[PDB]
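As structure tokens, the structure follows; a few thoughts come after it.
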Ligand SMILES: O=Cc1ccc(O)cc1
Ligand SMILES: O=Cc1ccc(O)cc1
Ligand SMILES: [Co+2]
Ligand SMILES: [Co+2]
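Residue numbers (full-length UniProt numbering), protein chains in the order written: chain V, 35 to 194, 201 to 254, 262 to 403, 411 to 436; chain S, 35 to 194, 201 to 254, 262 to 403, 411 to 436.
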């Protein structure tokens with residue numbers, strides 16, 4: 035059921051911000067590996083003496099890559115006089131974040147109808163504030179509250201192009217890469233305690249529970272906005288098994304709670320993963336090992352309704368996993384970690400079904423794949 | 035003249051080490067942009083709980099990319115018990131370096147005959163020590179002294201493959217990229233005072249002066272080993288001009304002295320720059336604006352001995368600059384800065400002449423190009 039209990043009007047996922055040591059090199063790496071275009075910049079060349087920020091886009095997917103300059107460049111500035119385009123940026127918070135966590139997501143940004151309203155209500159409903167609502171060039175309002183660990187939920191509202205103080209990137213350095221990725225489907229957090237984190241975040245958003253899982264590694268539950276286009280899974284470790292919890296492994300190397308992965312919807316996961324796998328070893332992203340043939344044999348038994356033999360065969364060529372709900376079918380695959388630490392990674396998905411537009415969360419999140427993976431793996435050893 | 039006054043046996047440039055926030059993302063970016071292969075790793079998967087280090091190679095060019103893990107992973111270690119493969123690494127020095135300078139070169143590594151000898155002699159001749167000589171798996175000795183700013187001159191000696205504790209990278213993730221780059225030709229430092237820096241470095245190496253310049264921006268001089276295969280230019284600002292010194296601009300954004308650029312020799316600078324320019328806007332490196340046609344007109348007057356019309360025309364297609372000595376011809380081009388700050392960049396070169411093998415420094419370093427650039431630029435405005 036859906037109680038539709040949001041405490042403010044939430045529109046959609048807007049952007050994701052990575053805090054980096056060098057924004058250029060991460061952004062250029064992500065651009066090539068994922069097929070996103072360089073579409074906006076705020077830096078020294080735009081008069082920003084505080085931080086370097088570069089935005090990649092694929093469809094409605096926006097990845098923001100931010101790093102601090104030397105504080106010496108903005109030593110004569112104060113917040114009222116700042117040249118930063120992102121007023122919540124802080125040299126010391128950025129360097130502490132990166133030093134503690136390595137490369138990772140700092141902000142999960144959602145568009146709302148009124149960022150100042152959304153901030154006040156949230157804090158009035160238990161959210162720890164992180165940056166109060168600031169109006170940019172009387173056009174855009176932004177505000178931040180704590181989500182989990184050092185990750186912030188960022189509210190954005192527009193009166194009526202990315203942010204003031206950003207510039208459209210010169211056509212020549214903006215090469216129209218595109219491998220089929222269109223928007224952010226969901227963002228998954230890992231915490232030491234799922235209960236308090238669910239209570240906290242549902243407390244100040246009014247987001248409702250969408251799904252849950254539990262017997263191998265984790266417990267999780269998903270919060271969702273009213274129309275369930277903003278989807279926030281949260282995991283916790285389950286201590287006590289033959290294998291160490293990967294959630295727990297995450298928390299160690301990340302120095303605590305943080306964002307685990309971003310699931311990016313592709314309008315054509317076949318072309319997307321062909322393009323990504325072509326580039327895996329020339330600067331792109333690597334992919335988790337592909338399931339055994341066993342798996343893909345059992346898929347004709349599970350989704351032969353949904354995917355032809357040839358489409359199943361293409362799933363096998365590319366290591367794609369398939370789960371099915373009572374309502375939809377989910378094609379999914381995972382990258383290896385995006386940086387040095389085994390912390391953040393990326394998932395590519397495409398959903399089949401739930402036509403009415412397509413309703414969010416169609417097909418679930420893969421909870422059936424745990425079983426079928428081990429079940430198929432027993433059968434490959436044979 | 036060459037007094038051949040080195041105080042220890044120096045062989046060649048061995049490797050360059052970048053200190054990074056995330057080693058993976060810089061290394062993958064550099065690999066694609068420059069056409070270097072992933073050939074060795076030391077990280078969690080090799081049992082290194084301290085740092086992540088990835089080595090790219092093109093010919094004899096070795097780029098090392100290093101970043102710290104969370105200190106929490108190695109909290110129970112001490113130097114005698116360390117899992118670091120590079121014993122001079124220090125979590126706190128790395129984070130301070132990167133926070134002060136951004137992405138940049140930490141170590142300029144040269145192979146010597148005896149690293150322990152080279153360290154003792156150097157310190158006995160005025161070098162500030164940075165890391166004392168350490169023997170790795172009774173096979174390799176490494177030692178570090180201060181070069182300028184927070185850059186260290188690293189001595190390496192081998193009894194008789202990169203470093204112990206590193207592993208050859210799996211063939212699949214090692215894609216045989218190659219755009220023609222073969223070795224490091226020279227590494228250029230910027231300092232506030234050229235005099236004391238030349239005195240310091242020549243003092244402890246015995247390197248001799250090879251060349252010098254001065262009237263627009265800088266003064267410089269080059270130190271060279273006995274056979275002049277190790278070449279170390281050093282620049283200082285010249286304050287007082289219509290345009291601000293780019294050396295001075297470097298020192299501001301870098302927070303002091305440091306390495307300005309690395310000149311990489313290509314066995315075919317035409318193919319190299321074709322390959323690099325193809326990738327400039329899809330994750331590679333950008334190039335400084337190309338000289339005007341004026342320039343390339345005057346080149347037939349200057350190197351028509353050396354380059355045919357068609358080769359000059361290919362130079363023009365790719366923005367290559369050409370200088371000529373009394374002894375050789377130099378083709379050169381410069382990238383834009385490698386990261387967020389206008390600090391470190393890269394130069395691609397190829398030298399024609401001085402055949403005997412080719413003698414180092416053949417053709418100089420471009421000091422004639424200052425004049426011919428402005429001279430040609432006056433003639434394009436016309
Ligand atoms: O994030 C993984 C996940 C799997 C199954 C769920 O029900 C929820 C989340
Ligand atoms: O590094 C640039 C340079 C130019 C001319 C010189 O003589 C020496 C260095
Ligand atoms: Co998921
Ligand atoms: Co040079």
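All residues carry an ideal CB built from backbone N, CA and C; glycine is no exception.
query	result
Beta-carbon proximity of residue 259(S) to residue 76(S), cut-off 7 Å	Because chain S is numbered from 254 directly to 262, the model contains no atoms for residue 259(S).
is_contact[residue 329(S), chain V] using C-beta, thresh 7 Å	yes
Helix, strand or coil at residue 226(S) according to DSSP, with G and I counted as helix	strand
Heavy atom of ligand 2 within 6 Å of residue 310(S) beta-carbon	no
Residue 275(S) Cβ short of 6 Å to ligand 4 heavy atom set	no
Distance CB(residue 234(S))-CB(residue 273(S)) smaller than 7 Å	no
CA-to-CA distance, residue 115(S) to residue 109(S), given in whole angstroms	11 Å
Neighbourhood of residue 122(S) by C-beta distance below 6 Å, restricted to the same chain and skipping five residues each side	165 and 178
Residue 99(S) (DSSP reduced to helix, strand or coil)	strand
is_contact[residue 203(V), chain S] using C-beta, thresh 7 Å	no
Check: residue 263(S) C-beta below 6 Å from any heavy atom of ligand 2	no
Secondary structure of residue 153(S), DSSP reduced to three states	helix
Heavy atom of ligand 3 within 6 Å of residue 334(V) beta-carbon	no
Neighbouring residues, chain V, relative to residue 388(S) (Cβ below 7 Å)	103
The alpha helix (DSSP H) enclosing residue 240(V), as first and last residue numbers	234-245
Residues of its chain near residue 229(S), where Cβ-Cβ distance is below 8 Å and the 5 sequence neighbours each way are ignored	181, 182, 183, 185, 237, 279, 280, 281, 282, 304, 305, 306 and 307
Contact set between residue 401(S) and chain V, taken where Cβ atoms lie within less than 7 Å	Neighbours of residue 401(S) on chain V: none; closest Cβ ~35 Å, over 7 Å.
Those residues which DSSP pairs with residue 53(V) across a bridge	100(V) and 138(V)
Three CB pairs or more closer than 8 Å across the segment 42-53 of chain S and the segment 127-138 of chain S	yes
Distance, residue 155(V) Cα to residue 161(V) Cα	9 Å
Chain S within 7 Å of residue 220(V), Cβ atoms only	no
CB contact check: residue 59(S) to chain V, cutoff 7 Å	yes
Buried or exposed (CB count within 10 angstroms, at least 16 for buried), residue 338(V)	buried
Burial state of residue 426(V) (16 or more Cβ within 10 Å)	buried
8 Å Cβ shell around residue 41(S) - same chain, five flanking residues per side excluded	155, 156, 159, 244, 245 and 246
Exposure of residue 431(S), with buried meaning 16 or more beta-carbon neighbours within 10 Å	exposed
Spatially closest choice to residue 111(S) from 167(S), 84(S), 356(S) and 382(S), by CA coordinates	84(S)
Check your reading: residues with Cβ closer than 5 Å to ligand 1 heavy atoms	228(V), 251(V), 253(V), 267(V), 280(V), 419(V) and 421(V)
Residue 61(S) to residue 331(V) span [Cα, whole Å]	11 Å
is_contact[residue 324(S), chain V] using C-beta, thresh 7 Å	no
Residues that residue 370(V) bridges to, as DSSP identifies them	377(V)
Euclidean distance between Cα positions of residue 322(S) and residue 396(S)	14 Å
Burial state of residue 412(S) (16 or more Cβ within 10 Å)	exposed
Short CB-CB distance (under 7 Å) between residue 56(S) and chain V	yes
Sufficient close CB pairs (3 or more, under 8 Å) joining the segment 365-384 of chain S to the segment 416-423 of chain S	yes
Residue 326(V) - containing beta strand (DSSP E), residue span	Unbroken run through residue 326(V) is the alpha helix (DSSP H), 316-326; no beta strand (DSSP E).
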